[PDB]
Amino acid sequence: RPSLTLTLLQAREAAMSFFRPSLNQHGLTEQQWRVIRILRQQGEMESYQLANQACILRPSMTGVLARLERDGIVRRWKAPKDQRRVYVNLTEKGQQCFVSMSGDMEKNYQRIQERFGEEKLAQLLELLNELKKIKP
């Protein structure tokens, strides 16, 4: 039995060589960029939920957020009607950060699409979207 889950992770390392240089070049970690990506697409998010979607382990998430907060990328606030919840969102500076990286990240996806196949990329994503739906 080949390992579905190890194979998912090796496939992701393969794709990540297309993005790490632009993130290298822009001075961000992939874990930062995941967080930025989710907060961009999904908007303000409760912080445990963000760790869960962004696929970060909770002890590293504390440092991920405090760093991004220190850099002016995200803002953290207590929910007015439950102060023990903490919501996170991109700042104007973080949104403009996302925007300037996006042209580079589109070109890296164009390189993946050419080298992998435009329809193969679409089947993979469809299938991966389906696999996520098997979660109990």
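Residue indices: 1-based, along the sequence shown.
Undergrad: Taking the recorded C-alpha temperature factors, which stretch has the higher mean, 33-41 or 100-108?
TA: 100-108 has the higher mean C-alpha B-factor.
Undergrad: Which of the two stretches, 4-12 or 126-134, shows the higher mean Cα temperature factor in the record?
TA: Mean B over CA atoms: larger for 126-134.
Undergrad: Reading the B-factor column of the entry, which of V88, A51, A79, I73 has the highest value at its C-alpha atom?
TA: In the PDB entry, the greatest C-alpha B-factor among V88, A51, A79, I73 is found at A79.
Undergrad: Determine, from the deposited record, the chain-internal third of the Cα B-factor for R67: lowest, middle or highest.
TA: For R67, the deposited C-alpha B-factor lands in the middle third.
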